[PDB]
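Tertiary structure, described
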Amino acid sequence: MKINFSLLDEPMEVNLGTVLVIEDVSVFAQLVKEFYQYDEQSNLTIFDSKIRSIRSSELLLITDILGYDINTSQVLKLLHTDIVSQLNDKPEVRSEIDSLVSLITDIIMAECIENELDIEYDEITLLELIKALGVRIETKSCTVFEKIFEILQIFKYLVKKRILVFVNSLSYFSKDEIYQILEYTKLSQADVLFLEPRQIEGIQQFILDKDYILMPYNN
Amino acid sequence: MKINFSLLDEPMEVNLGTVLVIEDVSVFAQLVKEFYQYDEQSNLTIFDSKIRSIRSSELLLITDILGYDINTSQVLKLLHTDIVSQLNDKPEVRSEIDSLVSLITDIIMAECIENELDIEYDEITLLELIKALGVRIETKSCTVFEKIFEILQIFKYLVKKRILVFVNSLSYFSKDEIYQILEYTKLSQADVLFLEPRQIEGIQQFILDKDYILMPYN
Amino acid sequence: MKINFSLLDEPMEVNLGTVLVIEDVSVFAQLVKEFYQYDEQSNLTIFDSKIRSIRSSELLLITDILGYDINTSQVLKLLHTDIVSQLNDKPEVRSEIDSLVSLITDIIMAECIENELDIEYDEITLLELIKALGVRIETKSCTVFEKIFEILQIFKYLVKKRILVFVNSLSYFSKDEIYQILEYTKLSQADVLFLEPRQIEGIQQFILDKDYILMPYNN
Amino acid sequence: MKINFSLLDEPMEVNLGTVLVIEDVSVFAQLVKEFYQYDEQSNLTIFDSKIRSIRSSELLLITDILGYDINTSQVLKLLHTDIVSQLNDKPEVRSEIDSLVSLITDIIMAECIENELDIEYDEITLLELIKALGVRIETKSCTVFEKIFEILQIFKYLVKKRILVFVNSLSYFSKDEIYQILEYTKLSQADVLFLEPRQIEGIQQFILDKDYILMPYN
Amino acid sequence: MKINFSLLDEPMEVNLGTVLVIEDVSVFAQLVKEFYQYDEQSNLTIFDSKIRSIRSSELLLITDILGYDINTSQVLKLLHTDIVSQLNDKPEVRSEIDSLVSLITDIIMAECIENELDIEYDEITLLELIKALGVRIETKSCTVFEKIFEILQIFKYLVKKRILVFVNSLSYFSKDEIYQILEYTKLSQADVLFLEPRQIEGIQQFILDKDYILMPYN
Ligand SMILES: [Ca+2]
Ligand SMILES: [Ca+2]
Ligand SMILES: [Ca+2]
Ligand SMILES: [Ca+2]
C-alpha cells in the first residue's frame, strides 16, 4: 500500500501503522483537501502492490473521532456473524443454548396449540436471538482512545475499506496511548496512515520539512 | 344484519350464510362499485340489529379468494398480542420464560465479554421471541375451498369485522362444496353474504329480478 | 403466446383478446389454482413463439378488478415520461412552457439574490413539474368497466408483464362493453386471456365441455 | 457567553473569536469527551449573559471542517421556509407566480386531457417549486479556509445555535489565515471558541498550563 | 417599526418617540377604533423591520395614563420569576436562604408539635416568600408626568410588547415636559407613538391634513 504525491521524490510505502508529519501548513492542508477530494483530483495517487489505483470507496478517511458512526448495518451484521461463530466454536455452550431454545419453543408451541386458529412456525435461531438482544458497540461513554481502538477493531469488519487514514488524530492521545495504538496496529495487520502537522516524540515517523524533504525519524 | 339499497323496497336481513343473486349486470357492477366506494358513496347502507350505520373498516370485502393474504401486519400484531396475553395469564410459565431468557442473556453476555470489542445490549422480550419465531397463521392452502375456510376462520377470529362479503366467489366451488360452506357458516355463526350474477340451483338464495323485485328461492 | 394444460390435446394460441370458458367447475378451479401457483406447478405451461417458458414474474394474473392497485412507481414514472414525450412532440407548447419556467426561475433567482447567504440552484424541468403536479390515474370514482379499460391502457406501460389474464372478470360487463374491450384489445395488440365458468353469448370464445372437449364457438 | 469546568478557578468569558489552548493531553481529550457527552455529563457547563444553562441543541460542535455537510433537513427546511416568507412578504410577486403556475397547470392539464388514460392531479405549490429547483447553499469550497468561512456564514444564519466550537481546527490555517478568520469573526459578531493542544504564536489566546492555571497570552 | 392604513400613501416608520397628528376628527376616531379593534379589523396594519405582521398581544395601547395599573398578575408573575432567577443565579445566597427557611420551619414545626392538635405542613418556597413580602413596582406617582415615565419603564422592561401607543396623552404635559418625555424616549430606545387631534407647537411631529396628505413638521 504505497501512496505518492507530487511533493515526494519516490512513492512511500505504508505498512501497519504509519505516522506522516507535514511541517508545512500549506502542503498539509492541500494534502488533506486532496484526501477529501481524492476522486476528483489526480495529484494524490494511492496504489497497492498491483500498482492498481484504489477507488475513493475503498479509501477510508477519518477526521472527527467521536463524530464518526461506528454502528452500521454491515458492521453489526458481520459482528453478529462473528459472535455466532464464537458460539459455534464451543460445542457444549451451543448444546446448552440449543436446549434452552428447545424449551422455549416447546412452551410457545403449547401456547399456539391452545389457540383456536391453526398456527405454524419454523425455528428460533442464534442469529435471531442476537438480533433480538440488540448487540451493538457503545460509543456513548467511550473515551477518544477507546473510540479509536474500537475503530481499529471494526476496520477488520469493514470489507470494502482498503486503507484507514486519520487526520490530526494523534494530538489527543498520550505517547503511551500512541504506543498502544501502534503496537495493536502491528497485530491487527491493518494499514493505518496518520497525518499530523507537528512531529510526535518517541515514535518512528516520516517527516516532511518545509524544504519538502522527506526523511525517516526514529523519535 | 341488514343491507339496504335504493333498488330494494325494504331492507333484507343477512343472517349466517346468505346468497344474493343480481340478474342485472348494470345493477351488479354498480353494486360492487358501491361496495368498494361504500366509504365515498352514501347510496348503499348497512343497518345492524342495533339499527346503527357501520364504517367501512368494519366491513370485510373479499373478491379474490386466493389473492387475499392471510398474514398481515394487523393480523400478526393481534395474534402476537393474543399469544402475549395468553402467556401473561399464567405467571409461572412466564416466570420460567424469564428465567430461560435470563440464562441465554447470561451466556451471550459472557461471550460478548470474551470478545475484544466493546458490546452494548438492552434485553430480550417475549414479543421479540414470538416475532423471532415467526408465529403466523398457516399459509398452506391446497384449493380455494380450503382458502375460503381459512378466510372464514380469520374472519370469525376478527372481532372488528361485523360482515364478510364475497363477490362472484361461488363459481369456483361445486354444489356440494357450497353446501359444506353453508353448513360451516351456520356452525361458525359468522355473517357471510355472496353476490352472484346468475342463480345457483339446489341452494336457497335471494333472486333479484331485472324488474328490481326481490324474491326468495328454495 | 400459447398456453397448454394436460386437459388440452394441443397448445392453444392466445392472440389479442381470448375468452376461455371452462364448463367444469373442478377443471376451472384447478386451472385457476394452477394460475396462482404456476411457479410451483408444472402442469400449466405457457410459452411464447420461441417455446421458452415464461416466468411467473412475466405473467400478470388479475382477479379482483377494483382491488388491484393501478398506481405504481414504474407505471407513474413511465406515464410521466410519456407525458413529457407528448409535450416534446409539439415545439410551440414546449417553447411556451420554457418561457414560463424561465420567468419563474427569474423570480426565484431574484429572491435568492436578495438573501444574505450565497445560494446556488440548477434548473426546473418538465419532469420535475409533472412530479410536483402529482399526475396519477384516478381509480376512486371509476366504474369497473373504466377500471379494466385503464388496466388495458397501463398494460403497455408495464414492461415485465408478458401476458395479462383475468379471472371471471366478464360477468360484470355487458355484451356491448365486452365488445368494446375486445375491439380495444385488438388495437392495443396486448395479449389478454379471460377465464369464465359460463359462456358469453355473441363473442368468439373457446369452450371446454364437461367431456373435456375444446371447441371454438362463434357465439 | 462563558464556559466553566472543574479545572478552572473562575468561568472564562467567550466573546467574538476565542482561542483556548490546553497544555495537558488528558485534560484536552477529557474536555472534548465532555463536549461530545455534554448532554450526558454535567461536569462541563456553559452560562450565557443571562446566566442560564443551554441545551446541547443550542451548542454547535464541529471538529472536521471538510467533513461537515452544509446542507441538511433543518438548513434546507429553514432556507426554503425563509424564501417562502420572502415571497409571501410581496403580494404582487406571489400573485404573478400564482398566475404563471395556473398557466402551466392549464397546459399540463390540457395535455393530460388529450391522453386516452384518465389522469388526476392536485396542484402545484411554491414550496414544491423551490424544492423542484433544488435551492441550497453553495457547496463549492476550494480550501478549508473557505469552508470554515461558509461554516461561519451558516452559523451566523442559524439563530438557534448560540455558540460554535472548533476542535484542533487551527492547525490547517496559516497565521495570516488565522488573522483573517479572527477579523471575520469580529466582523460577524458570532461567538467562536477554538480548542488547540499547543499554543499558537502571534495571536491572542488563553493558555491553560499543566498546573491547571489559566493565563492570557498576547 | 412602521404603521400603514388605507389613508396613507406609503407606510410611515415609527422610531424612538413619534408624534402623529390627525386633523380629521372622523379619521382620528376611526383610527382609535381601528386601534382597539385591531384584532378584529384588518384595515390598520403594522410592519416591523422584519416586514412581519404583529399580533395585538404585542401591541401596547394605553389611553388613560392614571387609570392604567402598573401592578398586574402577569407583571407580578414576570417580576417574581425574574427575582427568582436572580436568586437562582447565585448558589451561595440561595443556600443561605434555604438554611434560614429551614431554621424558621424548625421553629414553627416545634411550636406545632407543642400544640395538642395534630398539624400537617408541606414546606416554604422562595416564590411564597416573595409573594408573602409583596414585591411589586412602586405605585407612588405624584403627577401624570411621572406616571407616564413609569409606563415607559415597565414598557421597556416588557420584551413581548414591541410598541407603545398613547391616544391624546400629550394634552396633559407641558411643552417642556414633552421635551423631557421625548429625550427620555430617545434615551430608552423604546418605540412610542402618540395620536393627537391637534398639532403641538415647538416639537417635531407628522401632520396629517384633512386632504389625507401627510407632511413633516419641525
Ligand atoms: Ca430487544
Ligand atoms: Ca425464525
Ligand atoms: Ca403537489
Ligand atoms: Ca432541478
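Residues numbered from 1 in each chain as written, not as in the entry; some residues may be left out. Chains lettered and ligands numbered in written order. Part of a larger assembly, values for the part shown. Heavy atoms only, no water. Residues with missing side-chain atoms left out of burial classes, pairs and counts.

Regarding how it was determined, this PDB entry cites cryo-EM in its header, along with a resolution of 9.1 Å.

A separate point is the arrangement of the chains. The assembly contains five pairs of chains in contact; the pair sharing the most contacts is chains A and B. In this structure chain C stays clear of chain E, and the shortest span between their C-alpha atoms is 13 Å. (Contact = heavy atoms within 4.5 Å.)

What follows is about the interface of chain D and chain A. Across the boundary between the two partners, chain D contributes eight residues, which contact eight residues of chain A. Its residues placed into classes, the side of chain D that touches chain A shows five nonpolar, two polar and one charged. (Nonpolar A, V, L, I, M, F, W, Y, C, P; charged D, E, K, R; others polar.)

This part is about the domain arrangement of chain A. All names here are of chain A. Each assigned domain of chain A is listed with its residue range as follows: domain 1 (1-72 + 135-218) and domain 2 (73-134). Taking only C-alpha atoms into account, the centre of domain 1 sits 41 Å from that of domain 2. Between domain 1 and domain 2, the residue contacts involve four residues of the former and seven residues of the latter. Among the residues forming the side of domain 1 that touches domain 2, the class breakdown is two nonpolar, one polar and one charged. (Domains from an automatic or database assignment.)

The next point concerns unusual backbone geometry. A positive phi angle is found at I51(B), which is not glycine, with a value near 60 degrees. Inspection of the secondary structure puts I51(B) in the loop between β4 (45-47) and β5 (59-62). With a phi close to 55 degrees, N218(E) is a non-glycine residue in the positive phi region. (Helix = DSSP H or I, 4+ residues; strand = E, 2+ residues; numbered from the N terminus.)

Turning to the interface of chain B and chain A, a few remarks are in order. Listed per partner, the contact involves 15 residues of chain B and 14 residues of chain A. Breaking the side of chain B that touches chain A down by element, the ones donating at least two residues are α4 (126-133) and β6 (136-137) of chain B. The element that contributes the greatest number of residues to the side of chain B that touches chain A is α4(B), accounting for three residues. Taken together, the residues that form the side of chain B that touches chain A break down as seven nonpolar, one polar and seven charged. Sheet topology places strand β6 (residues 119-120) of chain A next to β6(B); two bridges connect them, and they run antiparallel. The residue of β6(B) that forms the bridge with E120(A) is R136(B). (Pairing = 2+ DSSP bridges.)

A few words on the UniProt feature "binding site: Ca(2+)" in chain B. As recorded in UniProt, the sites labelled "binding site: Ca(2+)" are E138(B) and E150(B). As for its position among the elements, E138(B) is in the loop between β6 and α5 (144-157). (UniProt positions renumbered as here; feature names shortened; annotations may be inferred.)

Residue and element names in this part refer to chain A. According to UniProt, the positions carrying the feature "binding site: Ca(2+)" are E138 and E150. Within the element layout of this structure, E138 appears in the loop between α4 (126-133) and α5 (144-154). Looking at the element boundaries, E150 is found in helix α5.

Right, let's talk about the sheet that holds strand β2 (residues 12-13) of chain D for a bit. Residue and element names in this part refer to chain D. Read across the open sheet, the three strands follow the order β2-β1-β4; overall the sheet is antiparallel. Whereas interior strands pair on both sides, the edge strands pair on one side only; in this sheet they are β2 and β4 (45-47). As paired elements, strand β1 (residues 2-4) and β4 share three bridges and run antiparallel to each other. Paired with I3 across the two strands is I46, which belongs to β4.

Residues and elements named next belong to chain B. As assigned here, chain B comprises domain 1 (1-72 + 135-218) and domain 2 (73-134). Each partner contributes to the interface: domain 1 provides four residues, whereas domain 2 provides seven residues. Taken together, the residues of the side of domain 1 that touches domain 2 sort by class into two nonpolar, one polar and one charged.

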